[PDB]
Amino acid sequence: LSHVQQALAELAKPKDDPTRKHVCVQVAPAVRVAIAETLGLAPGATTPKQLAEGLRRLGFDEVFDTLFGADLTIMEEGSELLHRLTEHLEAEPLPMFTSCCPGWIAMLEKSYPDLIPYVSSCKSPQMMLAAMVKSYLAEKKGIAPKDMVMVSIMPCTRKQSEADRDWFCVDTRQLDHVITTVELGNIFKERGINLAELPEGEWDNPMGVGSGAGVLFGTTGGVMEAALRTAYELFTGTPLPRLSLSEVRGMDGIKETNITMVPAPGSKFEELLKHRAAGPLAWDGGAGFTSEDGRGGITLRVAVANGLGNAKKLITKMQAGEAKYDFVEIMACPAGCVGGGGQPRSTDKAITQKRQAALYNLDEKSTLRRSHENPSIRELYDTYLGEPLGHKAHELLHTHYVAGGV
Amino acid sequence: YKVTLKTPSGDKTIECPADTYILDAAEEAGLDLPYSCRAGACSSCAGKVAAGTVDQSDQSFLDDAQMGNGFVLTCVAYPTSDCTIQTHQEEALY
Ligand code: SF4
Ligand code: FES
């Protein structure tokens, strides 16, 4: 039976059933926006509350959002990034690649197993939250990990294989079932439940306490952006706004961005570039700059690759030493994450932009919020995690790759 | 070139230009396929070469070994000759 069907089996069992376990589900914002199309509506018509209300009525016990898991990823990946930078200034190498996309990791495991140490060891948002709920939440609520079943709604089919990774176990799964937008939307229609006719429900807090999804009001700008932001703000001491990715002439689908990082006055980072100055991909040393006064800095070269067929033409440019970058994010979708194979198919060649724009409201877009300001995240990183890249973090928040694929 | 596009809903033998990728012609005619990038991004839009001949240069990891087996990126590939090509099937290349 399909993993989706397996979820429906447990859901069919009564809440007070002796063999019924706790079925928690985590949805992604990219799904919440396109889920409306599955009902024949406009992208973004369905509210996050309506979705949660519908899911809870499907038989689920706890409804969480991937945003909470992403908040953790931003912290871990950001810390690993900062680590890679600081260590290079002191004298895991560079460049550093983002690991969220399951399509990208498969390529570095089967096609380019020489870039393994170049990619982050941090796990994906959903895989982080799934591990967190089956541990911290399990212990806090007082439930055995075997009595907890978790489902996730992802806009990509490749996400199931991601959660199907052998070593992704607890302490036989961190994530048991993954359902796509198209499938979820069909289930709603099959049961006769229209999300457009549902009231404003509510989300569950992965912390076990408090009302809400555990996410504060405000966008992060994305995993890569928020990670870079966290590192930048700690390295420079100055706030970082939204990054405007510009397309690279010669490479379609490839966007780059240069971030001028200046060491904060009175920090170890400032002393690094003052006390000293001077793999298949050998770091060029970083694009640095200085002034005639003695104070300079370094500009971080970030690049985003959209598509697996785009990575092939990008890596070859880096191997030749033509395209010099420090941080590169590789996506397995045509544009962002709102255009995965698990997403609905409407008559529009540019339906991706609509979903991307309807991802957040005008207020949410204007209100910037980082993961290091989240009380829930702060608490988790205190009562259970202890510190980023720590023991527990390396256990459930980090992972490894396999040379040859899974 | 008349290409027999195999779909879950049957087949669609439409006319595909030699200068235009089958992907565009498919949806423009009336078929269930994901169209947005075209520059070879997602592998979900990879067709299956059942017979005939197709031409692809800039693609993903599915190179000649896969092409000769029946794997082609219809977003950046066109039929060099009339033939039958499957559409929805990204699992056969994993
Ligand atoms: S982009 Fe496609 S594949 Fe990568 S995470 Fe978002 S959905 Fe999964
Ligand atoms: S349009 Fe995304 S590859 Fe077919």
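By the numbers in Swiss-Prot, the shown part of chain B spans 33-126.
Method reported for this entry: solution NMR.
Here the Cβ of each residue, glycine as well, is placed from N, Cα and C on the backbone.
For B:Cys69, B:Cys74, B:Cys77, B:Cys107, the entry in Swiss-Prot reads [2Fe-2S] cluster binding site. Here Swiss-Prot flags B:33-123 as domain '2Fe-2S ferredoxin-type', drawing on sequence analysis.
Sequence features annotated in Swiss-Prot and their locations in the structure.
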residue : record                        : contacts (Cβ under 8 Å, 6+ apart)
B:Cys69 : [2Fe-2S] cluster binding site : B:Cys107
B:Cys74 : [2Fe-2S] cluster binding site : B:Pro66
B:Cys77 : [2Fe-2S] cluster binding site : B:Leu55, B:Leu65, B:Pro66, B:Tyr67, B:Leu105, B:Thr106, B:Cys107
Entries of B:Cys69, B:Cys74, B:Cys77, B:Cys107 (binding-site residues) sitting next to ligand 1, with Cβ under 6 Å as the cut-off: none
Residue counts (helix, strand, coil, in that order) that DSSP gives for the domain '2Fe-2S ferredoxin-type' (B:33-123): 15 helix, 28 strand, 48 coil
